[PDB]
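Quick notes on the structure that follows.
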Amino acid sequence: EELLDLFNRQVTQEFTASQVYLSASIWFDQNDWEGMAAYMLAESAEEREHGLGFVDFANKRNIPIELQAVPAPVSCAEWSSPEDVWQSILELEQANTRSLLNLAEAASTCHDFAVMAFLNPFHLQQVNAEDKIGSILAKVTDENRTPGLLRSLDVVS
Amino acid sequence: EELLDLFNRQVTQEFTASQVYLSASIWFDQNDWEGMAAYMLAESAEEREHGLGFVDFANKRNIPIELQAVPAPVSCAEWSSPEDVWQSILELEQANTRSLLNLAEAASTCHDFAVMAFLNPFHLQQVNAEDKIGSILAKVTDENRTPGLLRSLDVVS
Amino acid sequence: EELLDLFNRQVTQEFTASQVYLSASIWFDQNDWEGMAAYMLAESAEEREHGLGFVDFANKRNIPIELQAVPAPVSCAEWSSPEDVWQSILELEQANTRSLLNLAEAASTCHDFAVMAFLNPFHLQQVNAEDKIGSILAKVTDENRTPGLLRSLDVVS
Amino acid sequence: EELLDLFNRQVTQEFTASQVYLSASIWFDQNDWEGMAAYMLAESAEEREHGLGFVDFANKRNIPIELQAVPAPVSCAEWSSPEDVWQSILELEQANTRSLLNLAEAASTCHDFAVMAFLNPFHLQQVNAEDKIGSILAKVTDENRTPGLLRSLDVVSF
Amino acid sequence: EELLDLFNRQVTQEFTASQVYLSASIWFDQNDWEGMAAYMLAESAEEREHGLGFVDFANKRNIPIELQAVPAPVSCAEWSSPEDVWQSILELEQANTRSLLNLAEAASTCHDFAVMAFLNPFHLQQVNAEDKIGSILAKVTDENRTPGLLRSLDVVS
Amino acid sequence: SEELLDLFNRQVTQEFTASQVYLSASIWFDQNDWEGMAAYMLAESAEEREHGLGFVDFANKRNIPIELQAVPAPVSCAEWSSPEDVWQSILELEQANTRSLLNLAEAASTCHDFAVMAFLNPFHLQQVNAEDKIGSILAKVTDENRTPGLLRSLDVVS
Ligand SMILES: [Fe+3]
Ligand SMILES: [Fe+3]
Ligand SMILES: [Fe+3]
Ligand SMILES: [Fe+3]
Ligand SMILES: [Fe+3]
Ligand SMILES: [Fe+3]
Ligand SMILES: [Fe+3]
Ligand SMILES: [Fe+3]
Ligand SMILES: [Fe+3]
Ligand SMILES: [Fe+3]
Ligand SMILES: [Fe+3]
Ligand SMILES: [Fe+3]
Ligand SMILES: [Fe+3]
Ligand SMILES: [Fe+3]
Ligand SMILES: [Fe+3]
Ligand SMILES: [Fe+3]
Ligand SMILES: [Fe+3]
Ligand SMILES: [Fe+3]
Ligand SMILES: [Fe+3]
Ligand SMILES: [Fe+3]
Ligand SMILES: [Fe+3]
Ligand SMILES: [Fe+3]
Ligand SMILES: [Fe+3]
Ligand SMILES: [Fe+3]
Ligand SMILES: [Fe+3]
Ligand SMILES: [Fe+3]
Ligand SMILES: [Fe+3]
């Protein structure tokens, strides 16, 4: 019952992303990027709400949910500049997107029209999230070419 | 530094309790106790906010946080009735209280007045939380003596 | 009483900090850093308000206060750029913190519960104050790596 | 004066009632009947207000008031269900009614028209108070026949 | 244990003070000091509210409370002037302060952080209460040096 | 101008000195339970500090280098034992704030420093107001304090 397992794992993936955003928030705060830290913190809350959405839909559709361990974030070990963090967040969102497309591909195989309809807005959110992060990362990578300049973006924007 | 250690453990414990309250709402939902499930769901969010509060203080005080795995909730698999769930949630809160007091003990021994001040409203919150859950459990245990009657409590949320 | 002595020293320490913030405001103003000047000026009034809070408590609790001289700020003479100012201010705040922690320890030993309670919000204020000065100093030190760029933090504030 | 004496005893009886209501609040609360607890709590403040009213009238009328001890409520030692509590509260109000009629009898005897006029709203309050408490007791006694049912109306109601 | 006892005594002391304040309102009213009487009456209600706050906390923390007798006030038999009343009220509050501090000592000894946190605002209120009473008494004692002058305090504040 | 810069610096010192003397006075009044008088001195302390900040602000704009001096420990408190003594000391403080403004203005006139003279003018008028008001309070205090308790009644009302 691959579909029920993938749905279950999607919840884990959402909560996993929430923790990694939190991890990014903490690294930014510890290094005095309060603007970038606030953005990561909001995204952490948003990834948790996506998870809660999946759980609620599962409850309604009698998809048994069993909550799994939420793994320790580990990219924070290696981050040493804002660019490192944003790049890890971009990889996280790309993985998020692949996991949703797998889910929707299993639903399609099983003719599970309800699940596919449920997933639609999420596919469009991922498009927007990858673009947004991609854009932030491009800015960060450009600005960090001059010492101190990126520190101006955080504060202003 | 056992203080740093206990502070990290507290963050973990708050997120752990968040997940346990989510598993409770899941079980309540799946068994058609929507009122009780709404309540657990809001407590889940609240525990997460307590975790965030600790993280924020730790950042400001240069207590380095490293996010740990959030363990899977274990007790659901054994719950059979609402009484079982409210009992596990009472134990959870009793544990929550214990670890706040341990943390506070270690702060005291260190003369860390800032940490003690920070924890005061959580100590008072814990008193309230254990009271409220104790009270709910007593009602549940009294009302469940008549078949069907507890379902009536549940349509009071 | 050493408690009495320390309580009186704390008043002087708050007024001393007010003067030193004022000295910084002056140095910033004379050097055309109006945004940083305004910020230091507001911190000078706040420090004076803390002094006054201690004085008022002392009157109420029969701690005799005798006001001491407020020494001339000395660090201005050596400041050459905004980094030097902000680093002196961070030191000032670290010393404000230590003096409050010593007062609290003296209060603890005498079982002076009222003094300990009165001090709690100042312990938490200090945590915030050090985090905030720490974070400005980090930005200032990063942005001053490019000529003129820090002058852009000041105006955009 | 028997009147001065009864007037002072009236004050004591009110403050005693206030304490007994408070002990009922505490038993309810400790036993997780928060609605019944809130009711008793509000009744304790009301009884205190009746005592203060008597005190104020006494001062105006030059009846010297000497505040007496308010004894420890002791029935809580033996309460074990809400029914026991409300039974004790009914007895309490029947006693409040009796000390009021004693005071009024003595006032009538002495032709103290002012005192009797002062007492009239209290005589009507007691009527209402005894009626309300008796009705709550009848409800509690009927509901407690089915396990759990009483609890379900502490919550919904009070 | 010492904590449950002291906690019960504290409720007793608050209700006793409530009666003592009532007793003073009585004495003032009987002697045509309506202003001072109204003030004592408000204080009587306020002490009663403190007692109820302790009771509520004890309920929540499972500190069994059993209400003790409220003794007959007895200072009233000896009061001859406003000054004697206000002197008894000062001693009353100094005794209120004493017992709070003992309760706090005992809580500290047991590491009862919740009780200590609950007590902190009462410690600060006692400081204010003793100040205010000390100050009223100074005024009464000064003003009563000229016949009839104290009747002025009363009809104004 | 050298004596003009020095006097302008001393003027800053004088305002903050006065601010601390007024605070000393608030503390003495509070400790002796004159709350009304205490609140008035505290308000004055803040206002004196504001005047100082106004001088600092003008100095900065005019490029008069300000170096902040020690603010001395107030010492009149040691001597005060009634409200009269506190108010007299405050009158003499405002009389010295006045002399010191007039000195400054004298140096500026000499130097033809028109902007400084313009800047001082409202402070000259304020000092008139301040010496008049302290004078009036001190006369009231000294009159009232001839009857025991009387002064106390008017801290409390006014
Ligand atoms: Fe978003
Ligand atoms: Fe997501
Ligand atoms: Fe997003
Ligand atoms: Fe986003
Ligand atoms: Fe928690
Ligand atoms: Fe909790
Ligand atoms: Fe909760
Ligand atoms: Fe809550
Ligand atoms: Fe601030
Ligand atoms: Fe600040
Ligand atoms: Fe400070
Ligand atoms: Fe600050
Ligand atoms: Fe009633
Ligand atoms: Fe009623
Ligand atoms: Fe009623
Ligand atoms: Fe009554
Ligand atoms: Fe009654
Ligand atoms: Fe009070
Ligand atoms: Fe009060
Ligand atoms: Fe008061
Ligand atoms: Fe009290
Ligand atoms: Fe009191
Ligand atoms: Fe003035
Ligand atoms: Fe001035
Ligand atoms: Fe002046
Ligand atoms: Fe003035
Ligand atoms: Fe003025």
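Here is how names work: the chains are called A, B, and so on, in the same order as the sequence lines, proteins then strands, and each is numbered from 1. Below, all heavy atoms of this structure are taken into account, side chains as well, without hydrogens, waters or symmetry copies.
With hydrogens and angles left out, the side-chain atoms of B/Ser99 and B/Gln13 include no donor and acceptor closer than 3.5 Å. No side-chain N or O of B/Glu130 forms a donor-acceptor pair with one of B/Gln126 less than 3.5 Å apart. Judged purely by distance below 3.5 Å, without hydrogens or angles, the side chains of A/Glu14 and A/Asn96 pair a donor atom with an acceptor atom.
Residue with the most contacts toward chain B among A/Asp56, A/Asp29, A/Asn59: A/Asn59 (heavy-atom pairs, distance under 4.5 Å). Ranked by heavy-atom pairs under 4.5 Å with chain B, the first of A/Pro71, A/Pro73, A/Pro64, A/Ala72 is A/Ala72.
Residues A/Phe28 and A/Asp154 have side chains not in contact (no heavy-atom distance under 4.5 Å, counting atoms from C-beta outward).
In this structure, no portion of B/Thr16 lies under 4.5 Å from any heavy atom of chain A. When heavy atoms are compared at a cutoff of 4.5 Å, A/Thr12 does not approach chain B at all. B/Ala77 does not touch chain A: none of its heavy atoms, backbone or side chain, sits under 4.5 Å away. Proximity to chain A (any heavy atom under 4.5 Å) is restricted, for B/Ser18, to the side chain, taken from C-beta onward. Using a 4.5 Å cut-off between heavy atoms, B/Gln68 contacts chain A through its backbone alone, with no side-chain atom that close. For A/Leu22, the parts sitting under 4.5 Å from any heavy atom of chain B are the backbone and the side chain alike.
Taking the six-membered ring where the residue is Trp, B/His111 and B/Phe113 present parallel rings, their angle staying beneath 30° rather than reaching 60°.
Residues A/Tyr39 and A/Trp86 bring their aromatic ring centres within 6.0 Å.
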